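Accompanying notes for the structure given below.
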Protein chains: 2
Amino acid sequence: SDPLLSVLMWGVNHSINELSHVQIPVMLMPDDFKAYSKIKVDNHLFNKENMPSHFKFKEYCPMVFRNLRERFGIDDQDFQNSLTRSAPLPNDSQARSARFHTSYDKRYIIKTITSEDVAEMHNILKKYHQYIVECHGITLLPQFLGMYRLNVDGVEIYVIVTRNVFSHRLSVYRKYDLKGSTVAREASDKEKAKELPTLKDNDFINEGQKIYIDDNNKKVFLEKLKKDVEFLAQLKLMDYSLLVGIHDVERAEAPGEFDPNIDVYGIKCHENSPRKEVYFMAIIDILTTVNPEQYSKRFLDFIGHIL
Amino acid sequence: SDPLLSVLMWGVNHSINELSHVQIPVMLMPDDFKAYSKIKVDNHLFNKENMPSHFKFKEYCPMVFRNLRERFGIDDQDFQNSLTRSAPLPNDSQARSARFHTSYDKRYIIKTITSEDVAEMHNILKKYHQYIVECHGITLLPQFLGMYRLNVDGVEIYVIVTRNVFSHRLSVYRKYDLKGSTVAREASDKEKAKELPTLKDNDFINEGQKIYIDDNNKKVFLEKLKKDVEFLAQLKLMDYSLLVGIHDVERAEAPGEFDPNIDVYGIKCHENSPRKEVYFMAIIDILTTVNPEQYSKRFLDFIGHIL
Ligand SMILES: Nc1ncnc2c1ncn2[C@@H]1O[C@H](COP(=O)(O)OP(=O)(O)NP(=O)(O)O)[C@@H](O)[C@H]1O
Ligand SMILES: Nc1ncnc2c1ncn2[C@@H]1O[C@H](COP(=O)(O)OP(=O)(O)NP(=O)(O)O)[C@@H](O)[C@H]1O
Ligand SMILES: [Mn+2]
Ligand SMILES: [Mn+2]
Ligand SMILES: [Mn+2]
Ligand SMILES: [Mn+2]
């Protein structure tokens, strides 16, 4: 139906098949971070039912994102399947300026970004990759899995693919987006009316939300969060959130258990939790008085407070 | 190695995969005969080992050639395999103005043609297709299976794929190219020095070559040949040949037998043949005092004479 979506599927499929024939070395070279592949298709009086007649697809830094996908435990054939076997679905939460889709198997998020975001991604990509190498892919940062430019009849859009913070199986009933902002930050009364609303710093403090995780999990989490946010501060990045999803095992009734190699952000509640819960927490949205260094401290203070 | 060959393989592979997703109706529409699909690829600092960095691939009338392939008993998946699993090999006989390749499994011939040949193919394609429908694909005419334009760094070439006249298994030890020309037509003394030489009308009359086929096979063959050549005359085509290949079952030692659904042009010798032979005969090269109407009669007179 959506031709821009059909071009994405076609292009991801094309991209992965091309790479399937490439010898993948253990290392990237500097030029890999400046590389791209472009395809321009023109069908005249042919194949009108499946594809736009005229479209372009561009993949940025194919070798870098192939390297990242493997580092994040993602097999190319699986990634291809998740994005092409059936169409991605549009989804509830957003902030248009921006359209979100989820892969059909709920493993990946596809976000539409600006050309300025693309330029910033290129700017930080090497440092990001080096950070991912240093931590062996154990991080709360968004996992950037692919970045693309699509052209269909006058319309150009840029797309980034990331890992879903939430489980691909275990449904989430409650969702928070936290910054630790000194300035008052709350969901509006029209916002709370949403089905799965994106609640914020005030809603969390207001409704006395607690997260019941044991001491070891909390320390591990916060240690990771500390390194990640300092890296972000170092890059002068800000306006990022901690996304928090809560799975209620009671409401849902593998009976409340998750695959930690797929749902990488999952943390089980401790044994004395008022309710059987699984949390899914990760950093999102990194690409944009309040300065990065301060923002970094504010964010970390608040998160340590709420755990 | 040969980048133009690698682009062909890449493009045929691409073409067949695209069509694999198309609903194929039983009929062609007029626009199918004017259709094409174009792909332009630009790789910057990427994938230098497998492909040229910059290339174009164009397929003419994809639906028509898909329809023809099925009419000629050829499955798209098989055709794809024959042309992509391993590289086509360059081959002995030619006439440069023109490079020939054979598919690795010896099922298909790939000939390089001019843009004027491409223009003439478009001119006759509908009438050709209609002729193929009328005879249910039972014909000695070349079987046109695909036509393409390749671009690699300044070099543009046009390619047509046809069925090999000869067997994909049974080797041929002797080869003739016959026109029935009133003007003397012979292989040169430098030509006969070739390993598998392309002998001609004089060599055949000179060396008293006989073809030992029974009366029914001869009549069937000549009846077909009659209709085919009249069709060609009707299109004002000329300078076409009967290609004759001879398989010697003795020299070769399925013990001398062939699959008639693959080696469609094969005709076994009759029981009293001085030697166990299989012949492979078909019309080739149709795309260009001596006028088409006369040429047609001359050609038919000579061929009926030699059988
Ligand atoms: N990786 C992810 N997994 C699951 N949900 C996500 C993910 N990223 C974003 N979302 C959802 O989409 C919403 C918006 O994400 P975000 O990337 O902040 O969009 P944005 O348009 O950049 N918003 P803003 O902060 O106003 O710039 C979030 O609150 C989540 O509900
Ligand atoms: N379908 C085929 N199967 C097997 N061999 C072929 C086939 N087509 C051509 N050849 C071989 O290639 C030679 C030249 O074929 P042809 O298509 O006549 O080339 P050309 O360059 O058009 N020659 P000319 O008659 O001088 O214009 C033939 O004599 C055969 O040996
Ligand atoms: Mn955000
Ligand atoms: Mn944002
Ligand atoms: Mn010829
Ligand atoms: Mn010719």
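By order of appearance in the structure tokens: chains A, B, ..., then residues from 1 within every chain, and ligands from 1 in the order shown.
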Problem set entry | Proximal residues of chain B relative to chain A (only C-alpha atoms; 10 Å) as a PyMOL selection string | chain B and resi 14+18-19+21-23+31-50+53-54+56-63
Output the selection as a compact mmCIF listing (two decimals), in the first residue's frame - N, CA and C atoms for each residue.
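File result_21.txt, as written:
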# COMPACT_ATOMS: atom_id res chain seq x y z
N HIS B 14 18.87 -10.26 -11.07
CA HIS B 14 17.95 -9.23 -10.64
C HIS B 14 16.62 -9.31 -11.39
N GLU B 18 12.89 -10.14 -9.72
CA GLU B 18 11.81 -9.17 -9.83
C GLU B 18 10.55 -9.80 -10.43
N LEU B 19 10.72 -10.55 -11.52
CA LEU B 19 9.58 -11.18 -12.19
C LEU B 19 8.95 -12.26 -11.34
N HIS B 21 8.10 -12.11 -8.50
CA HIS B 21 7.06 -11.46 -7.69
C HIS B 21 5.88 -10.92 -8.50
N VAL B 22 5.97 -10.97 -9.83
CA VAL B 22 4.90 -10.43 -10.70
C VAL B 22 3.85 -11.52 -10.98
N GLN B 23 2.58 -11.13 -10.95
CA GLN B 23 1.49 -11.98 -11.43
C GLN B 23 1.62 -12.11 -12.94
N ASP B 31 1.33 -2.67 -24.75
CA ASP B 31 2.36 -1.92 -24.02
C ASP B 31 3.53 -2.79 -23.56
N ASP B 32 3.27 -4.08 -23.32
CA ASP B 32 4.37 -5.00 -22.95
C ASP B 32 5.50 -5.02 -23.95
N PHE B 33 5.17 -4.75 -25.21
CA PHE B 33 6.14 -4.75 -26.32
C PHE B 33 6.89 -3.42 -26.41
N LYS B 34 6.56 -2.47 -25.54
CA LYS B 34 7.27 -1.19 -25.51
C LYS B 34 7.90 -0.95 -24.13
N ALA B 35 7.82 -1.96 -23.27
CA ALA B 35 8.18 -1.82 -21.87
C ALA B 35 9.67 -2.06 -21.67
N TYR B 36 10.20 -1.56 -20.56
CA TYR B 36 11.55 -1.92 -20.16
C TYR B 36 11.70 -1.71 -18.66
N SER B 37 12.76 -2.26 -18.09
CA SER B 37 13.14 -1.90 -16.73
C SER B 37 14.62 -1.54 -16.73
N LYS B 38 14.93 -0.46 -16.02
CA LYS B 38 16.29 0.09 -15.95
C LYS B 38 16.73 0.06 -14.50
N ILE B 39 18.01 -0.27 -14.29
CA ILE B 39 18.63 -0.17 -12.97
C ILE B 39 19.97 0.50 -13.15
N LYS B 40 20.26 1.47 -12.29
CA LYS B 40 21.54 2.18 -12.30
C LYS B 40 22.12 2.07 -10.89
N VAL B 41 23.32 1.53 -10.79
CA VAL B 41 23.94 1.28 -9.49
C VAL B 41 25.19 2.13 -9.37
N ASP B 42 25.33 2.81 -8.23
CA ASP B 42 26.52 3.60 -7.90
C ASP B 42 27.01 3.24 -6.50
N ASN B 43 28.15 2.55 -6.44
CA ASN B 43 28.80 2.19 -5.18
C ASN B 43 30.01 3.08 -4.95
N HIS B 44 29.98 3.83 -3.86
CA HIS B 44 31.08 4.71 -3.50
C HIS B 44 31.82 4.09 -2.32
N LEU B 45 33.09 3.75 -2.55
CA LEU B 45 33.99 3.16 -1.53
C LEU B 45 33.40 1.90 -0.90
N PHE B 46 32.78 1.07 -1.73
CA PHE B 46 32.04 -0.11 -1.29
C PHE B 46 31.99 -1.20 -2.35
N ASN B 47 32.26 -2.44 -1.93
CA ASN B 47 31.97 -3.64 -2.71
C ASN B 47 32.82 -3.69 -3.99
N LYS B 48 34.01 -3.12 -3.93
CA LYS B 48 34.91 -3.02 -5.09
C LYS B 48 35.33 -4.39 -5.67
N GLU B 49 35.23 -5.45 -4.87
CA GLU B 49 35.77 -6.75 -5.25
C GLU B 49 34.84 -7.55 -6.15
N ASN B 50 33.54 -7.35 -5.98
CA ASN B 50 32.55 -8.15 -6.70
C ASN B 50 32.03 -7.50 -8.00
N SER B 53 32.01 -0.40 -9.77
CA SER B 53 31.44 0.56 -8.84
C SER B 53 30.25 1.29 -9.42
N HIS B 54 30.24 1.42 -10.74
CA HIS B 54 29.19 2.15 -11.44
C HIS B 54 28.78 1.37 -12.67
N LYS B 56 25.06 0.21 -15.26
CA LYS B 56 23.63 0.24 -15.57
C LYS B 56 23.23 -1.07 -16.22
N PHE B 57 21.99 -1.47 -15.97
CA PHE B 57 21.41 -2.66 -16.57
C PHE B 57 19.98 -2.35 -17.01
N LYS B 58 19.69 -2.66 -18.26
CA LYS B 58 18.36 -2.44 -18.82
C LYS B 58 17.84 -3.72 -19.45
N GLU B 59 16.63 -4.10 -19.07
CA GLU B 59 15.98 -5.24 -19.70
C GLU B 59 14.84 -4.76 -20.58
N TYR B 60 14.89 -5.16 -21.85
CA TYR B 60 13.82 -4.82 -22.80
C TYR B 60 12.65 -5.78 -22.68
N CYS B 61 11.43 -5.23 -22.72
CA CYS B 61 10.20 -6.03 -22.81
C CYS B 61 10.21 -7.26 -21.87
N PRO B 62 10.44 -7.06 -20.55
CA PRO B 62 10.56 -8.19 -19.62
C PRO B 62 9.41 -9.20 -19.69
N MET B 63 8.17 -8.72 -19.78
CA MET B 63 7.00 -9.60 -19.82
C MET B 63 6.96 -10.46 -21.09
With only C-alpha atoms and all ligand atoms counted and 9 Å as the cut-off, give the residues of chain A in contact with ligand 4, each with its shortest interatomic distance in Å and the pair that gives it, as CSV.
residue,atom,partner,partner_atom_place_in_ligand_line,distance
A:95,CA,ligand 4,1 (Mn),7.5
A:98,CA,ligand 4,1 (Mn),8.8
A:113,CA,ligand 4,1 (Mn),8.8
A:239,CA,ligand 4,1 (Mn),7.2
A:240,CA,ligand 4,1 (Mn),7.4
A:284,CA,ligand 4,1 (Mn),8.4
A:285,CA,ligand 4,1 (Mn),5.1
A:286,CA,ligand 4,1 (Mn),7.1
A:287,CA,ligand 4,1 (Mn),6.8
A:288,CA,ligand 4,1 (Mn),6.9
Exercise. Which residues sit within 6 Å of ligand 2, counting only C-alpha atoms and all ligand atoms, listed as a PyMOL selection string?
Worked result: chain B and resi 93-96+98+109+162-166+177+198+284-285
For this session: Would you list the contacts of residue 175 of chain A as a PyMOL selection string, taking every protein, DNA or RNA residue within 8 Å and counting only C-alpha atoms, but skipping same-chain residues closer than 5 positions in sequence?
Result: chain A and resi 196-199+243-246
Problem set entry | B:129, B:174, B:297, B:136 ranked by distance to residue 225 of chain B, top pick (using only C-alpha atoms) |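 Of the candidates, the smallest distance to residue 225 of chain B is held by B:297.
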Problem set entry | Pairwise distance for atom CA of residue 241 of chain B and atom CA of residue 283 of chain B, rounded to one decimal in Å | 5.6 Å
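Compared by their closest atoms to ligand 6, and using only C-alpha atoms and all ligand atoms, the residues B:114, B:80, B:86, B:6 rank with B:114 nearest.
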Exercise. With only C-alpha atoms as the atoms that count, which of A:296, A:201, A:4, A:277 lies nearest to residue 178 of chain A?
Worked result: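 Looking at the shortest contact to residue 178 of chain A, the residue is A:201.
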DSSP-assigned alpha helix (DSSP H) among segment 47-198 of chain B, expressed as a short mmCIF file (atom, residue, chain, number, x, y, z; two decimals) with N, CA and C atoms, in the first residue's frame:
data_model
loop_
_atom_site.label_atom_id
_atom_site.label_comp_id
_atom_site.auth_asym_id
_atom_site.auth_seq_id
_atom_site.Cartn_x
_atom_site.Cartn_y
_atom_site.Cartn_z
N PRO B 62 10.44 -7.06 -20.55
CA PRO B 62 10.56 -8.19 -19.62
C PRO B 62 9.41 -9.20 -19.69
N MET B 63 8.17 -8.72 -19.78
CA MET B 63 7.00 -9.60 -19.82
C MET B 63 6.96 -10.46 -21.09
N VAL B 64 7.43 -9.91 -22.21
CA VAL B 64 7.41 -10.64 -23.49
C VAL B 64 8.41 -11.80 -23.44
N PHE B 65 9.62 -11.53 -22.95
CA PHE B 65 10.63 -12.57 -22.91
C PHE B 65 10.32 -13.61 -21.81
N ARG B 66 9.68 -13.18 -20.73
CA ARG B 66 9.19 -14.15 -19.72
C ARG B 66 8.14 -15.09 -20.35
N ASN B 67 7.27 -14.52 -21.16
CA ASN B 67 6.23 -15.27 -21.86
C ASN B 67 6.89 -16.24 -22.85
N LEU B 68 7.82 -15.72 -23.66
CA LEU B 68 8.57 -16.57 -24.59
C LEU B 68 9.33 -17.72 -23.93
N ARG B 69 10.04 -17.43 -22.84
CA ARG B 69 10.77 -18.49 -22.12
C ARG B 69 9.85 -19.65 -21.73
N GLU B 70 8.70 -19.33 -21.14
CA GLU B 70 7.73 -20.38 -20.82
C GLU B 70 7.23 -21.12 -22.07
N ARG B 71 6.96 -20.38 -23.15
CA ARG B 71 6.52 -21.01 -24.41
C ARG B 71 7.56 -21.96 -24.98
N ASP B 76 11.87 -20.09 -15.34
CA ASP B 76 12.66 -18.89 -14.99
C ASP B 76 13.78 -19.18 -13.99
N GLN B 77 13.46 -19.99 -12.99
CA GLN B 77 14.44 -20.41 -11.99
C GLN B 77 15.60 -21.17 -12.62
N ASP B 78 15.30 -22.11 -13.51
CA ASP B 78 16.35 -22.79 -14.29
C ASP B 78 17.19 -21.84 -15.15
N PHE B 79 16.53 -20.94 -15.86
CA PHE B 79 17.21 -19.97 -16.72
C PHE B 79 18.16 -19.14 -15.87
N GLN B 80 17.67 -18.66 -14.74
CA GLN B 80 18.48 -17.86 -13.80
C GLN B 80 19.73 -18.65 -13.41
N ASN B 81 19.52 -19.89 -12.97
CA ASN B 81 20.64 -20.77 -12.58
C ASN B 81 21.68 -20.93 -13.67
N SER B 82 21.23 -21.27 -14.89
CA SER B 82 22.13 -21.48 -16.02
C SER B 82 23.02 -20.27 -16.29
N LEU B 83 22.51 -19.07 -16.04
CA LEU B 83 23.26 -17.86 -16.40
C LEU B 83 24.00 -17.23 -15.22
N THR B 84 23.69 -17.64 -14.00
CA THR B 84 24.28 -16.99 -12.82
C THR B 84 25.12 -17.91 -11.90
N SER B 115 23.07 -1.70 -31.55
CA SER B 115 21.82 -0.99 -31.26
C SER B 115 20.84 -1.07 -32.43
N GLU B 116 21.36 -1.13 -33.65
CA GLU B 116 20.50 -1.35 -34.82
C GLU B 116 19.82 -2.72 -34.81
N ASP B 117 20.53 -3.76 -34.36
CA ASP B 117 19.93 -5.08 -34.14
C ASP B 117 18.83 -5.03 -33.08
N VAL B 118 19.08 -4.28 -32.01
CA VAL B 118 18.09 -4.09 -30.94
C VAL B 118 16.84 -3.42 -31.52
N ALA B 119 17.05 -2.38 -32.32
CA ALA B 119 15.95 -1.67 -32.94
C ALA B 119 15.15 -2.62 -33.84
N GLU B 120 15.84 -3.45 -34.63
CA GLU B 120 15.16 -4.44 -35.49
C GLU B 120 14.41 -5.52 -34.70
N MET B 121 15.00 -6.01 -33.61
CA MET B 121 14.31 -6.92 -32.71
C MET B 121 12.98 -6.33 -32.20
N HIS B 122 13.00 -5.06 -31.78
CA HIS B 122 11.77 -4.40 -31.35
C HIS B 122 10.76 -4.31 -32.44
N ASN B 123 11.26 -4.07 -33.65
CA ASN B 123 10.43 -3.96 -34.81
C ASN B 123 9.67 -5.27 -35.09
N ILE B 124 10.33 -6.41 -34.94
CA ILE B 124 9.70 -7.67 -35.29
C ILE B 124 9.12 -8.45 -34.12
N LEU B 125 9.33 -7.95 -32.90
CA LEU B 125 9.07 -8.77 -31.69
C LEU B 125 7.63 -9.25 -31.59
N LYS B 126 6.67 -8.36 -31.85
CA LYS B 126 5.26 -8.74 -31.80
C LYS B 126 4.92 -9.81 -32.84
N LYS B 127 5.36 -9.61 -34.09
CA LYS B 127 5.10 -10.58 -35.14
C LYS B 127 5.78 -11.92 -34.81
N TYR B 128 6.99 -11.83 -34.27
CA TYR B 128 7.72 -13.04 -33.82
C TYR B 128 6.92 -13.78 -32.74
N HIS B 129 6.50 -13.05 -31.72
CA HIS B 129 5.75 -13.66 -30.64
C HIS B 129 4.47 -14.33 -31.20
N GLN B 130 3.74 -13.61 -32.06
CA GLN B 130 2.52 -14.16 -32.66
C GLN B 130 2.78 -15.43 -33.47
N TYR B 131 3.89 -15.45 -34.20
CA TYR B 131 4.33 -16.64 -34.92
C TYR B 131 4.60 -17.81 -33.96
N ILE B 132 5.27 -17.52 -32.84
CA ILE B 132 5.56 -18.54 -31.83
C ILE B 132 4.26 -19.10 -31.22
N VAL B 133 3.29 -18.22 -30.97
CA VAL B 133 1.98 -18.66 -30.47
C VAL B 133 1.32 -19.59 -31.49
N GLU B 134 1.28 -19.16 -32.75
CA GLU B 134 0.62 -19.92 -33.82
C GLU B 134 1.20 -21.32 -33.98
#
For this session: From a DSSP pass on the backbone, collect the residues of segment 15-151 of chain A flagged as strand (DSSP E) and hand them back as a ChimeraX atom specification.
Result: /A:36-44,54-60,89-90,100-102,108-113,144-151
Keeping only N, CA, C and O atoms, write the selected residues to a file as a compact mmCIF listing (two decimals), in the first residue's frame.
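Result written to part_9.txt:
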# COMPACT_ATOMS: atom_id res chain seq x y z
N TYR A 36 28.85 4.55 0.51
CA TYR A 36 27.42 4.35 0.35
C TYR A 36 27.16 3.48 -0.88
O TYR A 36 28.07 3.26 -1.70
N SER A 37 25.95 2.97 -1.00
CA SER A 37 25.54 2.35 -2.26
C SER A 37 24.20 2.95 -2.66
O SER A 37 23.31 3.14 -1.82
N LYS A 38 24.09 3.26 -3.95
CA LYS A 38 22.90 3.90 -4.52
C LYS A 38 22.32 2.98 -5.57
O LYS A 38 23.07 2.31 -6.31
N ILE A 39 20.99 2.92 -5.62
CA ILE A 39 20.28 2.22 -6.69
C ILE A 39 19.17 3.12 -7.16
O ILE A 39 18.45 3.69 -6.36
N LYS A 40 19.03 3.24 -8.48
CA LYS A 40 17.97 4.04 -9.09
C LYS A 40 17.24 3.11 -10.07
O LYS A 40 17.86 2.55 -10.99
N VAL A 41 15.94 2.97 -9.89
CA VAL A 41 15.15 2.04 -10.70
C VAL A 41 14.14 2.84 -11.51
O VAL A 41 13.46 3.70 -10.97
N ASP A 42 14.05 2.53 -12.80
CA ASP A 42 13.07 3.12 -13.71
C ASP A 42 12.36 2.02 -14.50
O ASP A 42 12.96 1.40 -15.37
N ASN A 43 11.09 1.79 -14.17
CA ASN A 43 10.25 0.82 -14.88
C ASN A 43 9.27 1.56 -15.78
O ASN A 43 8.45 2.35 -15.30
N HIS A 44 9.37 1.29 -17.08
CA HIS A 44 8.49 1.90 -18.06
C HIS A 44 7.51 0.84 -18.54
O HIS A 44 7.93 -0.16 -19.12
N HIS A 54 9.23 4.54 -10.54
CA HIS A 54 10.49 5.27 -10.46
C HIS A 54 10.83 5.50 -9.00
O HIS A 54 10.04 6.10 -8.26
N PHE A 55 11.96 4.98 -8.57
CA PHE A 55 12.37 5.16 -7.18
C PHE A 55 13.88 5.07 -7.08
O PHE A 55 14.55 4.57 -7.99
N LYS A 56 14.39 5.63 -5.98
CA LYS A 56 15.81 5.52 -5.63
C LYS A 56 15.94 4.99 -4.21
O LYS A 56 15.10 5.26 -3.36
N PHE A 57 17.02 4.25 -3.99
CA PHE A 57 17.35 3.73 -2.68
C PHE A 57 18.86 3.90 -2.44
O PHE A 57 19.69 3.52 -3.27
N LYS A 58 19.19 4.49 -1.30
CA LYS A 58 20.58 4.71 -0.93
C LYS A 58 20.84 4.16 0.46
O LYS A 58 20.11 4.47 1.39
N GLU A 59 21.88 3.35 0.59
CA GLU A 59 22.29 2.86 1.89
C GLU A 59 23.59 3.53 2.29
O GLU A 59 24.59 3.45 1.57
N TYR A 60 23.58 4.16 3.46
CA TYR A 60 24.79 4.79 4.01
C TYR A 60 25.67 3.78 4.72
O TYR A 60 25.16 2.90 5.45
N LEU A 89 4.46 -2.13 10.44
CA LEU A 89 3.22 -1.46 10.80
C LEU A 89 3.49 -0.09 11.38
O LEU A 89 4.45 0.07 12.14
N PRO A 90 2.68 0.93 11.02
CA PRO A 90 2.81 2.23 11.68
C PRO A 90 2.43 2.08 13.15
O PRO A 90 1.69 1.17 13.49
N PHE A 100 6.82 6.68 12.84
CA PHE A 100 7.41 5.44 13.34
C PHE A 100 6.70 4.22 12.77
O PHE A 100 5.48 4.20 12.62
N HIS A 101 7.49 3.21 12.45
CA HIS A 101 6.97 1.90 12.15
C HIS A 101 7.67 0.85 13.01
O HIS A 101 8.81 1.05 13.44
N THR A 102 6.99 -0.25 13.25
CA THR A 102 7.60 -1.38 13.92
C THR A 102 7.65 -2.51 12.92
O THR A 102 6.70 -2.70 12.13
N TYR A 108 12.19 -4.59 15.54
CA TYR A 108 12.84 -3.34 15.15
C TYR A 108 11.90 -2.17 14.99
O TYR A 108 10.71 -2.34 14.69
N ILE A 109 12.45 -0.99 15.23
CA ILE A 109 11.75 0.26 15.07
C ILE A 109 12.37 0.97 13.86
O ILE A 109 13.59 0.98 13.68
N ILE A 110 11.51 1.53 13.02
CA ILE A 110 11.93 2.28 11.85
C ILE A 110 11.45 3.71 12.02
O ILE A 110 10.25 3.97 12.04
N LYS A 111 12.40 4.63 12.17
CA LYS A 111 12.07 6.03 12.39
C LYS A 111 12.49 6.89 11.20
O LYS A 111 13.56 6.71 10.65
N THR A 112 11.63 7.82 10.81
CA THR A 112 11.91 8.76 9.75
C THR A 112 12.65 9.95 10.37
O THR A 112 12.23 10.46 11.39
N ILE A 113 13.80 10.32 9.81
CA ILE A 113 14.63 11.37 10.39
C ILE A 113 14.91 12.43 9.32
O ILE A 113 14.63 12.20 8.15
N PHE A 144 21.96 1.34 16.41
CA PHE A 144 21.74 1.77 15.03
C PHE A 144 22.11 0.64 14.10
O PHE A 144 23.27 0.19 14.08
N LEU A 145 21.10 0.17 13.37
CA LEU A 145 21.21 -1.07 12.60
C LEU A 145 21.24 -0.85 11.09
O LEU A 145 21.64 -1.74 10.34
N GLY A 146 20.78 0.31 10.64
CA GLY A 146 20.75 0.63 9.21
C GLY A 146 20.27 2.06 9.03
O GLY A 146 19.50 2.56 9.84
N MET A 147 20.76 2.75 8.00
CA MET A 147 20.29 4.11 7.71
C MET A 147 20.16 4.24 6.20
O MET A 147 21.06 3.88 5.46
N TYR A 148 19.04 4.81 5.75
CA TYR A 148 18.70 4.76 4.32
C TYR A 148 18.07 6.05 3.85
O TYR A 148 17.51 6.79 4.65
N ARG A 149 18.16 6.29 2.54
CA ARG A 149 17.44 7.40 1.93
C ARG A 149 16.56 6.80 0.83
O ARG A 149 17.04 6.04 0.00
N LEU A 150 15.28 7.17 0.85
CA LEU A 150 14.31 6.63 -0.12
C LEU A 150 13.82 7.79 -0.96
O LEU A 150 13.55 8.86 -0.41
N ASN A 151 13.69 7.58 -2.27
CA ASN A 151 13.05 8.57 -3.15
C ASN A 151 11.91 7.94 -3.92
O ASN A 151 12.10 6.94 -4.60
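Taking atom CA of residue 281 of chain B and atom CA of residue 170 of chain B as endpoints, the distance between them is 13.8 Å.
Distances to residue 167 of chain B were evaluated for B:155, B:141, B:262, B:252 using only C-alpha atoms, and the minimum falls at B:262.
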Exercise. Quick one: residues within 10 Å of residue 275 of chain B, only C-alpha atoms counted, chain neighbours fewer than 4 positions away excluded, as a list in words?
Worked result: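 The contact residues come out as residues 212, 248, 249, 250, 269, 270 and 271 of chain B.
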